[PDB]
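Visitor: Dropping the structure in here first, questions after.
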2 protein chains.
Amino acid sequence: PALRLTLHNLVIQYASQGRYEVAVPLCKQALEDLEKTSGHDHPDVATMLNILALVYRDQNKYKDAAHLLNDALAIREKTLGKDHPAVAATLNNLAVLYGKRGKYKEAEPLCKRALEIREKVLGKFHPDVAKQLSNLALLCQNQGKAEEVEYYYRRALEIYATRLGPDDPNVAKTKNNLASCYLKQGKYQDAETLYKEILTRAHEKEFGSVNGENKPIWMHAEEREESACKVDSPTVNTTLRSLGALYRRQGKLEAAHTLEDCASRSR
Amino acid sequence: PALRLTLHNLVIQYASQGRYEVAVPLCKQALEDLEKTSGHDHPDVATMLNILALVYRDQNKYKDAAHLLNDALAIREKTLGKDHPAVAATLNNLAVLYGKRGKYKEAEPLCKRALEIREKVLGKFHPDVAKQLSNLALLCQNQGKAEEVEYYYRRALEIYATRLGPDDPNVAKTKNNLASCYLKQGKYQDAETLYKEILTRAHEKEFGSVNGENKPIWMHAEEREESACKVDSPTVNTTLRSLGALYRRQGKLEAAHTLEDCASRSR
């Protein structure tokens, strides 16, 4: 573009940074008009629609915001084509707007496609891609899609656990999420295993060499069923409670009762 | 006993150590006769019947061997009572003899009871329990009771992985055993996950912090499917060949070659 349509454009981003909407929305339009007269339907017209869609979302004009991104998407699909990185960002932004209104059904395909493009660009095992998974799986954690969200969380965990440390929060969060999906699928043992993994891993993040007399809380819980744990971690607390429902289901009531003992003290 | 019936006894064990049977069994009888005249039915007679039963098993006189252990068991149950550690060993030895003749059905309850006693004595999570759970998983495996095998290997792995280091061979061995169980049931995903866990863990036992650009072999294998591992560990080699077979089933033949060529180089 001419350094009119570029400096014009440079301030759009500039004044909106200090959240100065109203100011910016008007300029962006004046730009798009100049662009659609001096070169249409072109990919730049789409980049501007994108910024305008973002500003509308921030003003809670969701109907208007969504409409623009769809038109920016169609422009980018014609020009830059399918599998293009800029098409991936647009699909995500539209999936976001759809999720904000609780339209999960129509958000899933958009998010599924964005992930496919992201795998082509970055590779199947990049962690920018692991985002897309424990985000796309959490699309279907709303839709109760379970067999798919078993697949996507396993794929997600596969990347998180390997590419990042065992003390990374995404690992425990994905494990809890896969744990709930196993519970829903009546695979109680498979859920129990995952919960034990979180607690065992977390026990080792402070209590060194995991000694003979140094056992994780769940072991003491089960051994107590033959009749020192204050941890202010929010994810651990949830794990503590969630399994305290498995121990109740199995009739291991004293263990399950002992699973609130460190969930309500450490909070 | 009198230092006649003790030194008499001391040589039983002594001459049988160098596998000198024929010699020993005659003495063991002479001892049991002296014991049954000078104090019957008593726990020591049972210990001698035990040694006798062991010697008979080694001479392949299985009918005779099993009959004696049953009588030693009944003596120990009367004297030392149920839940006594010495009863546990007897039940295991009788379960062994029954397994050697392919009588798995009648061996399972004996082995199940021995485990219950071992849990009372040592606690639900002592390593010696994981030895029973592995023997118990293997008997069920011979009966084709896969759902129970799955249960017993999960229980054993639970102990091994937690109580012992992640580099402990029992972990990988139990994981391979559970994987085969999963394969037999047609639960290919659950087996694939286990195989990947072994390789990922083993990758971290030399290649430090598991960096972004430092991925495990199976990742490189799958990423290669978009078209440096010499490890002389025998268990790992098996895992590589097994996961390789799953990729072959999925039609990911290039991924399969990657792991297979790694195995055949490290042997």
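Here, A, B, ... name the chains of the structure tokens in the order displayed, residue numbers run from 1 inside each chain, and ligands are numbered from 1 in the same displayed order.
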List every residue of region 112-217 of chain B that has an atom at most 10 Å from any atom of region 150-159 of chain A, giving for each one its closest atom pair and the distance in Å to one decimal, counting only C-alpha atoms, sorted by chain and then by ascending residue number, as JSON lines.
Guide:
{"residue": "B:189", "atom": "CA", "partner": "A:151", "partner_atom": "CA", "distance": 9.4}
{"residue": "B:193", "atom": "CA", "partner": "A:154", "partner_atom": "CA", "distance": 8.6}
{"residue": "B:196", "atom": "CA", "partner": "A:158", "partner_atom": "CA", "distance": 8.9}
{"residue": "B:197", "atom": "CA", "partner": "A:158", "partner_atom": "CA", "distance": 9.4}
{"residue": "B:200", "atom": "CA", "partner": "A:158", "partner_atom": "CA", "distance": 9.9}
{"residue": "B:215", "atom": "CA", "partner": "A:159", "partner_atom": "CA", "distance": 9.8}
Visitor: Relative to chain B, what is the Cα RMSD of chain A after a least-squares superposition using every Cα atom paired in order?
Guide: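 The superposed chains show a C-alpha RMSD of 1.3 Å.
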Visitor: Please give the complete set of residues from region 31-123 of chain B that DSSP, run on the backbone, assigns to helix (DSSP H, G or I), formatted as a PyMOL selection string.
Guide: chain B and resi 31-37+43-58+62-79+85-100+107-122
Visitor: Would you kindly return, as number ranges by chain, each protein, DNA or RNA residue with an atom no farther than 8 Å from any atom of region 49-64 of chain B, considering only C-alpha atoms and excluding same-chain residues fewer than 2 positions away?
Guide: B: 21, 25, 28, 32, 45-47, 66-69, 71-72, 90, 97
Visitor: Under the rule of at most 7 Å, produce a per-residue listing of chain B near chain A: chain, number, name, the closest pair of atoms, and the distance in Å, as a tab-separated table, using only C-alpha atoms.
Guide:
residue	atom	partner	partner_atom	distance
B:124	CA	A:223	CA	6.6
B:163	CA	A:212	CA	6.5
B:210	CA	A:163	CA	6.5
B:211	CA	A:163	CA	6.4
B:212	CA	A:163	CA	5.6
B:223	CA	A:124	CA	6.8
Visitor: In Å, rounded to a single decimal, give me how far CA of residue 267 (chain B) is from CA of residue 232 (chain B).
Guide: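 That distance, rounded to one decimal, is 6.2 Å.
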Visitor: Near residue 103 (chain B), counting only C-alpha atoms, which residues have an atom at most 12 Å away, once you skip same-chain residues fewer than 5 positions from it, shown as a PyMOL selection string?
Guide: chain B and resi 62+66+94-98+108-110+139-140+142-143
Visitor: Can you write out the residues you just picked, keeping N, CA, C and O atoms, as a compact mmCIF listing (two decimals), in the first residue's frame?
Guide:
# COMPACT_ATOMS: atom_id res chain seq x y z
N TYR B 62 5.32 -85.28 41.42
CA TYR B 62 4.39 -84.18 41.69
C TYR B 62 3.21 -84.55 42.55
O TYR B 62 2.86 -83.75 43.43
N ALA B 66 2.70 -82.60 46.12
CA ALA B 66 1.49 -81.83 46.41
C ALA B 66 0.76 -82.36 47.65
O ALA B 66 0.34 -81.55 48.49
N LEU B 94 2.59 -74.60 47.05
CA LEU B 94 1.54 -75.49 46.56
C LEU B 94 0.94 -74.95 45.27
O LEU B 94 0.61 -75.73 44.37
N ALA B 95 0.82 -73.61 45.16
CA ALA B 95 0.33 -72.92 43.95
C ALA B 95 1.30 -73.15 42.81
O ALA B 95 0.87 -73.38 41.68
N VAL B 96 2.62 -73.13 43.11
CA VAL B 96 3.70 -73.39 42.17
C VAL B 96 3.55 -74.80 41.59
O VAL B 96 3.45 -74.93 40.37
N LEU B 97 3.47 -75.84 42.46
CA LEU B 97 3.31 -77.24 42.05
C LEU B 97 2.09 -77.48 41.19
O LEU B 97 2.14 -78.31 40.27
N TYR B 98 1.00 -76.79 41.50
CA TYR B 98 -0.24 -76.87 40.76
C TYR B 98 -0.08 -76.23 39.36
O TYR B 98 -0.62 -76.76 38.39
N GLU B 108 -5.05 -70.58 41.56
CA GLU B 108 -5.48 -69.20 41.76
C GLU B 108 -5.98 -68.89 43.20
O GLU B 108 -5.50 -67.91 43.76
N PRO B 109 -6.90 -69.68 43.81
CA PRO B 109 -7.37 -69.36 45.17
C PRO B 109 -6.27 -69.42 46.20
O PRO B 109 -6.21 -68.57 47.09
N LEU B 110 -5.41 -70.42 46.07
CA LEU B 110 -4.27 -70.60 46.95
C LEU B 110 -3.38 -69.37 46.88
O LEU B 110 -3.01 -68.81 47.91
N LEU B 139 -0.79 -66.20 36.38
CA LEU B 139 -1.69 -67.35 36.46
C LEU B 139 -2.98 -67.10 35.69
O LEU B 139 -3.45 -67.97 34.96
N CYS B 140 -3.57 -65.90 35.88
CA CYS B 140 -4.81 -65.49 35.21
C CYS B 140 -4.62 -65.44 33.68
O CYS B 140 -5.52 -65.83 32.95
N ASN B 142 -2.69 -67.32 31.97
CA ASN B 142 -2.73 -68.73 31.53
C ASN B 142 -4.14 -69.28 31.44
O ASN B 142 -4.37 -70.29 30.76
N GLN B 143 -5.09 -68.63 32.13
CA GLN B 143 -6.50 -69.02 32.13
C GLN B 143 -7.28 -68.19 31.11
O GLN B 143 -8.47 -68.44 30.91
Visitor: I'd like the neighbourhood of residue 89 (chain B) as a count of residues only, where a residue qualifies if any of its atoms comes within 10 Å (using only C-alpha atoms), though same-chain residues fewer than 2 positions away should be ignored.
Guide: 15
